[PDB]
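**Student:** This one's experimental. Sequence and coordinates below.
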Amino acid sequence: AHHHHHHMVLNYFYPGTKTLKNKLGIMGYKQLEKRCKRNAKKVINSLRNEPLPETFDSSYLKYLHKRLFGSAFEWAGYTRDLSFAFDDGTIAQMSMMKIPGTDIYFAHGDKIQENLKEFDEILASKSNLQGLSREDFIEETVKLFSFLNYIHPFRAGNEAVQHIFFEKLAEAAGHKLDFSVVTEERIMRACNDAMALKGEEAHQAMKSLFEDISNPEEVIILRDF
């Protein structure tokens, strides 16, 4: 059955292309993508010698997105629920986003503000997951990470920002997460399963990922080295 996108949704791209409007004026999809990755890694590198924030919240998450993608996108740091005014005079919007190839949607734009508030309140009620065993830290991060993944509050760059956010959160809490330990395919399978499956099966998809990236080899005692 027929589908096409509203004009405000298409205003994220150059007319007649699938290339996101960008500050570099890069018209090629592949070339933009590669350059975004390069820019973002450079920034991830800087963040290693920057202080951790006092509060992990959506404000920090927006700050990080602006850092990661601000050289590329006018809208870096802005959440996709809001109408976005480009310098070119167009106004863009992305209320609905789904997992490509599915009918499985991320949060509707109408709920993003409320949902980010709820995210913020869970972290505040638990003091940024400080003072926890590795077991409780994994349980609570799995839930919070699935929730933020579902929200997908930016036009793009969601996964990259949520990874660094959670790596910084774990560092601050006295644990460690390192998403680079596993492949993209493994990460995206856990994320897609968290949204596609139900109940206990959905939680377990993401828990296996979290166990793998959180220094599980710490149980190996090598005192005699």
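**Tutor:** Done, it's in. Numbers count the residues shown, from 1 in each chain.

**Student:** Could you pull up the residues touching the nearest residue to residue 152 once chain neighbours are set aside?
**Tutor:** Nearest non-adjacent residue to residue 152, counting by C-beta to C-beta, 6 or more residues apart in numbering: residue 106, 3.8 Å away. C-beta coordinates here come from the backbone N, C-alpha and C atoms, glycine included. Going by C-beta atoms under 8 Å, 6 or more residues apart in numbering, residue 106 touches 97, 98, 99, 150, 151, 152, 195.

**Student:** Likewise for residue 93?
**Tutor:** Each residue near residue 93 by C-beta under 8 Å, 6+ apart is listed here: 6, 8, 9, 11, 80, 83, 84, 109.

**Student:** Residues touching stretch 155-167, excluding its own?
**Tutor:** Contacts for stretch 155-167 (C-beta under 8 Å, 6+ apart): 12, 20, 36, 40, 44, 47, 56, 60-61, 64-65, 68-69, 73, 75-76, 80, 84, 94, 141, 145, 148-149, 152, 154, 176-179, 187-188, 191.

**Student:** Where strands are concerned, which of those count?
**Tutor:** Judged by DSSP state E, strands contain the following of those: residue 84.

**Student:** Can you give me the buried ones in stretch 136-148?
**Tutor:** For stretch 136-148, burial by neighbour count (16 or more other C-beta atoms under 10 Å) applies to 137, 138, 139, 140, 141, 142, 144, 145, 146, 147, 148.

**Student:** Not counting sequence-adjacent ones, nearest residue to residue 22?
**Tutor:** Among residues not flanking residue 22 along the chain, residue 72 sits closest, at 5.1 Å (C-beta to C-beta, 6+ apart).
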